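K.L.:
What follows is a single structure, and I will ask about it in a moment.
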Amino acid sequence: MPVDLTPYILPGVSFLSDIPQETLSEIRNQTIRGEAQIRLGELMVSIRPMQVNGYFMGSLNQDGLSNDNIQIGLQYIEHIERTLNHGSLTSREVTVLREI
């Protein structure tokens, strides 16, 4: 099921007002199913640990979206990448494994 997470969304900023941590808990459990779809309102996101190269964190589903949905998406995604693993790693910290 696509668990929508938009109770405190400010559609235009990178930060969130304050997320229920109990939601991040349920996200981490459904990613183990192999996919977890999060809807940031209209912004479609897909958190899942694709076991080839990459941990489970903010991945914006750009399919079918518009330019603004990409932008508000990626600022909230870079937020979610840190929020899915609190103080563990950043986007680029994982990306360099693939990039080098």
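Identifiers for the structure tokens are assigned positionally: chains receive A, B, ... in sequence, residues are indexed from 1 per chain, and ligands are indexed from 1 in the order shown.
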Near residue 83 of chain A, within 12 Å and counting only C-alpha atoms, which residues show up once chain neighbours fewer than 5 positions away are dropped, as a PyMOL selection string?
P.N.:
chain A and resi 15-16+18-25+27-28+47+56-58+76-78+88-91
K.L.:
Suppose we keep C-alpha atoms; can you now write the selection as a compact mmCIF listing (two decimals), in the first residue's frame?
P.N.:
```
# COMPACT_ATOMS: atom_id res chain seq x y z
CA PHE A 15 12.72 20.76 5.84
CA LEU A 16 9.53 19.29 7.37
CA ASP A 18 7.84 17.64 12.46
CA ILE A 19 7.32 13.99 11.28
CA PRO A 20 5.74 11.20 13.49
CA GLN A 21 8.79 8.88 14.12
CA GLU A 22 6.29 5.95 14.36
CA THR A 23 5.79 6.47 10.59
CA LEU A 24 9.59 6.06 9.89
CA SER A 25 9.28 2.83 11.93
CA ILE A 27 8.38 2.54 6.51
CA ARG A 28 11.50 0.58 7.63
CA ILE A 47 11.81 3.63 -0.37
CA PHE A 56 16.75 2.17 1.66
CA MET A 57 16.25 5.97 1.67
CA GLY A 58 14.50 8.81 -0.30
CA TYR A 76 12.05 16.42 0.59
CA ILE A 77 13.93 13.29 -0.61
CA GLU A 78 17.32 14.60 0.69
CA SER A 88 24.03 7.50 9.75
CA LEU A 89 24.82 8.53 6.12
CA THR A 90 23.92 11.05 3.37
CA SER A 91 22.84 10.57 -0.31
```
K.L.:
I want to know what sits within 10 Å of residue 11 of chain A, based on only C-alpha atoms, with residues of the same chain fewer than 3 positions away left out; could you give that as a PyMOL selection string?
P.N.:
chain A and resi 6+8+14-16+40-43+68-69+71-73+75-76
K.L.:
Please dump the current selection as a JSON list (two decimals), in the first residue's frame; keep N, CA, C and O atoms.
P.N.:
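Written out: part-v7.json:
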```
[["chain", "number", "residue", "atom", "x", "y", "z"],
["A", 6, "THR", "N", 1.92, 13.18, 4.39],
["A", 6, "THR", "CA", 1.76, 14.63, 4.12],
["A", 6, "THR", "C", 0.98, 15.39, 5.25],
["A", 6, "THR", "O", 0.30, 16.38, 4.95],
["A", 8, "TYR", "N", 2.16, 17.34, 7.79],
["A", 8, "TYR", "CA", 2.83, 18.62, 8.14],
["A", 8, "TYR", "C", 3.73, 19.13, 6.99],
["A", 8, "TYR", "O", 4.73, 19.82, 7.25],
["A", 14, "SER", "N", 12.88, 22.46, 1.97],
["A", 14, "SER", "CA", 13.62, 21.19, 2.12],
["A", 14, "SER", "C", 13.24, 20.48, 3.44],
["A", 14, "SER", "O", 13.13, 19.25, 3.48],
["A", 15, "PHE", "N", 13.04, 21.28, 4.50],
["A", 15, "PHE", "CA", 12.72, 20.76, 5.84],
["A", 15, "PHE", "C", 11.23, 20.41, 5.97],
["A", 15, "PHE", "O", 10.40, 20.87, 5.18],
["A", 16, "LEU", "N", 10.91, 19.61, 6.98],
["A", 16, "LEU", "CA", 9.53, 19.29, 7.37],
["A", 16, "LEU", "C", 9.30, 19.93, 8.75],
["A", 16, "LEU", "O", 10.26, 20.11, 9.52],
["A", 40, "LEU", "N", 4.26, 11.83, -0.67],
["A", 40, "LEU", "CA", 4.38, 13.18, -0.08],
["A", 40, "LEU", "C", 3.32, 14.09, -0.72],
["A", 40, "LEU", "O", 3.63, 15.01, -1.50],
["A", 41, "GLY", "N", 2.04, 13.80, -0.41],
["A", 41, "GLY", "CA", 0.91, 14.41, -1.08],
["A", 41, "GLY", "C", 0.80, 13.94, -2.53],
["A", 41, "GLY", "O", 0.36, 12.81, -2.79],
["A", 42, "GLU", "N", 1.26, 14.80, -3.45],
["A", 42, "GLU", "CA", 1.25, 14.53, -4.90],
["A", 42, "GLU", "C", 2.62, 13.96, -5.37],
["A", 42, "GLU", "O", 2.71, 13.39, -6.47],
["A", 43, "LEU", "N", 3.66, 14.13, -4.54],
["A", 43, "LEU", "CA", 5.03, 13.67, -4.87],
["A", 43, "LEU", "C", 5.13, 12.17, -4.58],
["A", 43, "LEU", "O", 5.07, 11.76, -3.41],
["A", 68, "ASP", "N", 8.03, 20.93, -11.14],
["A", 68, "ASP", "CA", 7.90, 21.34, -9.72],
["A", 68, "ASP", "C", 7.84, 20.12, -8.78],
["A", 68, "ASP", "O", 8.38, 20.16, -7.68],
["A", 69, "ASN", "N", 7.21, 19.03, -9.25],
["A", 69, "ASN", "CA", 7.10, 17.77, -8.48],
["A", 69, "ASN", "C", 8.48, 17.11, -8.29],
["A", 69, "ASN", "O", 8.72, 16.44, -7.28],
["A", 71, "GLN", "N", 11.33, 18.96, -8.17],
["A", 71, "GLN", "CA", 12.09, 19.90, -7.31],
["A", 71, "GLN", "C", 11.68, 19.77, -5.82],
["A", 71, "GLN", "O", 12.55, 19.55, -4.96],
["A", 72, "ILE", "N", 10.37, 19.92, -5.55],
["A", 72, "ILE", "CA", 9.80, 19.74, -4.19],
["A", 72, "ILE", "C", 10.03, 18.28, -3.72],
["A", 72, "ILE", "O", 10.20, 18.01, -2.51],
["A", 73, "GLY", "N", 10.05, 17.36, -4.70],
["A", 73, "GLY", "CA", 10.40, 15.97, -4.47],
["A", 73, "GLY", "C", 11.82, 15.81, -3.92],
["A", 73, "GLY", "O", 11.98, 15.30, -2.82],
["A", 75, "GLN", "N", 14.12, 17.88, -2.71],
["A", 75, "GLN", "CA", 14.45, 18.61, -1.46],
["A", 75, "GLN", "C", 13.87, 17.86, -0.24],
["A", 75, "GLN", "O", 14.49, 17.78, 0.84],
["A", 76, "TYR", "N", 12.67, 17.27, -0.43],
["A", 76, "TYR", "CA", 12.05, 16.42, 0.59],
["A", 76, "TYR", "C", 12.67, 15.02, 0.61],
["A", 76, "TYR", "O", 12.63, 14.35, 1.64]]
```
K.L.:
As number ranges by chain, please: every residue in segment 14-66 of chain A that a backbone DSSP assignment puts in strand (DSSP E).
P.N.:
A: 36-40, 43-47
